[PDB]
Amino acid sequence: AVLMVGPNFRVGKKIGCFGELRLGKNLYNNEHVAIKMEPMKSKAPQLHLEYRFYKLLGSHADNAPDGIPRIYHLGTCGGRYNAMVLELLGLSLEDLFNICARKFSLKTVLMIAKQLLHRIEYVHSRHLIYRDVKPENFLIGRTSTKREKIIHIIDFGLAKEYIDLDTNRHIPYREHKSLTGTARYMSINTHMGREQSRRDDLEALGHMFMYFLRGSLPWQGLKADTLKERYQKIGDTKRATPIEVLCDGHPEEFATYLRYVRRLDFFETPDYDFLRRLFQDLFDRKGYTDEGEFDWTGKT
């Protein structure tokens, strides 16, 4: 009674956890929107710069390229609260994972991979590196707006421009950087504290595709001591795992993909066509059909 960002959108029930995600309603169009808030007194915030990365994809209210959530408004709530109003989406691949008993079929993974390699290619074309690959950040569209067969990409607060503003070239190779995203999927180089490039997004994607096919990754419940020790035991286990073994199931297409994205150079430009050509070939060599029929396209 009554939380309000911009005389238009009325906030609703809290639908997300330290940043708070909330439901909203466009009182003009009766749309249902997603509202991401941030306490004004936040040590090292990131809501504003996430909005900035969204503008570069543009992604500006009406436009929004496919797979990108529309951005409606950037305002403030109350009351010590900065807010970004964006598009409402459906469940994530991790939600759908648990729905499908934590095991995706080859057909689904291939369909997933096809979309993501496209999705992640567009991000790179807009001079950005994602750096936060995990199943929780890929959401299907709402069934209401016939986009239930579209995988979206969100959460851009941890992204970086790999094209420098001055010099207009690729960012220089530096090391001893921190340690960003999710240790479950992050690349080998990331563990070593190396600066992330376009190659490191793809390796994490590959790690994730494996997670889908297998059930989990061999560096699973490696739990011990401190957080700095937790990341180490995971990273030290990734470098001691042959790709011929990680994909032991399992078409060689996932083995050659992983070798490609790992042996890439920091500055080198990936062949997205070729990577998509490997999965599409295997797809049709199995005789699959692309109607939008995922494993979950009936379940909750």
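Residues numbered from 1 in each chain as written, not as in the entry; some residues may be left out. Heavy atoms only, no water. Residues with missing side-chain atoms left out of burial classes, pairs and counts.

- Structure determination for the deposited model, as stated in its record, used X-ray crystallography, and the stated resolution is 2.86 Å.

**Thoughts on the pattern of salt bridges**
Thinking step 1. As a salt-bridge pair, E20 and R22 come within 3.8 Å of each other at their nearest N and O atoms.
Thinking step 2. Measuring nitrogen to oxygen at the nearest pair gives 3.9 Å for the salt bridge that ties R131 to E195. Of this pair, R131 sits in the loop between β7 (128-129) and β8 (138-140) while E195 sits in the loop between α4 (188-191) and α5 (198-214), and the two are 64 residues apart along the sequence.
Thinking step 3. One continuous salt-bridge network, built from bridges that share partners, spans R131, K160, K177 and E195. (Salt bridge = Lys/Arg side-chain N within 4 Å of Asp/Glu carboxyl O. Helix = DSSP H or I, 4+ residues; strand = E, 2+ residues; numbered from the N terminus.)

**Some thoughts on the packing of aromatic side chains**
Aromatic rings in a pair are described by how distant their centres are and how their planes are angled relative to each other.
Thinking step 1. On the numbers, 5.1 Å between centres and 70° between planes, the contact of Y54 with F156 is edge-to-face. Taken together, the residues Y54 in helix α1 (residues 47-57) and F156 in the loop between β9 (151-153) and β10 (160-161) connect sequence positions 102 residues apart.
Thinking step 2. Seen in terms of ring centroids, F283 and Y288 are 5.5 Å apart; in terms of plane orientation they differ by 75°. Their pairing is edge-to-face.
Thinking step 3. Taken together, the ring pairs connect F97, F104, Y185, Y211, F212, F294 and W296 into an aromatic cluster.
Thinking step 4. The cationic tip of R184 hangs over the ring face of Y211; the distance from NZ or CZ to the ring centre is 4.9 Å. (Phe/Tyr/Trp six-rings, centres within 6.5 Å; stacked < 30°, edge-to-face > 60°. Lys NZ or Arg CZ within 6 Å of the ring centre and 35° of its normal.)

**Focus on the pairing of strand β5 (residues 71-76)**
A regular strand places its side chains so that they alternate between the two faces of the sheet.
Thinking step 1. Relative to strand β6 (residues 82-87), β5 runs antiparallel, the two being bridged by five bridges. Counterpart to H73 in the pairing with β6 is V85. (Pairing = 2+ DSSP bridges.)

**Things to note about the domain arrangement of the chain**
Thinking step 1. As far as domains go, the chain holds domain 1 (1-89) and domain 2 (90-300).
Thinking step 2. Here the C-alpha centre of domain 2 lies 26 Å away from the C-alpha centre of domain 1.
Thinking step 3. Of the residues lining the interface, 15 residues belong to domain 1; the matching set on domain 2 comes to 19 residues.
Thinking step 4. In terms of residues, the side of domain 1 that touches domain 2 owes the most to one element, α1, which gives six residues.
Thinking step 5. In terms of residue class, the side of domain 1 that touches domain 2 is built from ten nonpolar, three polar and two charged. (Domains from an automatic or database assignment. Contact = heavy atoms within 4.5 Å. Nonpolar A, V, L, I, M, F, W, Y, C, P; charged D, E, K, R; others polar.)

**So, the sheet that holds β6**
Thinking step 1. If you trace the six strands from one edge of the open sheet to the other, you get β1-β2-β3-β4-β6-β5, paired in antiparallel fashion. Edge strands, defined here as strands with exactly one partner in the open sheet, are β1 (4-5) and β5.
Thinking step 2. In this sheet, strand β3 (residues 21-26) lies alongside strand β2 (residues 9-14) in antiparallel orientation, the contact comprising four bridges. Across the sheet, the residue bridging to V11 is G24, located in β3.
Thinking step 3. In the packing of α1 onto the sheet, the strands contacted are β4 (32-38), β5 and β6, and the crossing angle to β6 comes to about 35°. (Axes fitted to C-alpha atoms, helices over the stretch in contact; angles between N-to-C directions.)

**Observations regarding helix α9 (residues 272-285)**
Thinking step 1. Taking 1.5 Å of rise per residue, the 14 residues of α9 would be expected to cover 20 Å, and the 20 Å separating its terminal C-alpha atoms lies within 8% of that figure.
Thinking step 2. In this structure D271 caps α9, since a side-chain oxygen of it lies 3.4 Å from the backbone nitrogen of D273.
Thinking step 3. Positive backbone phi, approximately 80°, marks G287, located one or two places after α9. (Expected span 1.5 Å × (residues − 1). Polar contact = N/O pair within 3.5 Å; in protein donor to acceptor, adjacent residues only side chain to side chain.)

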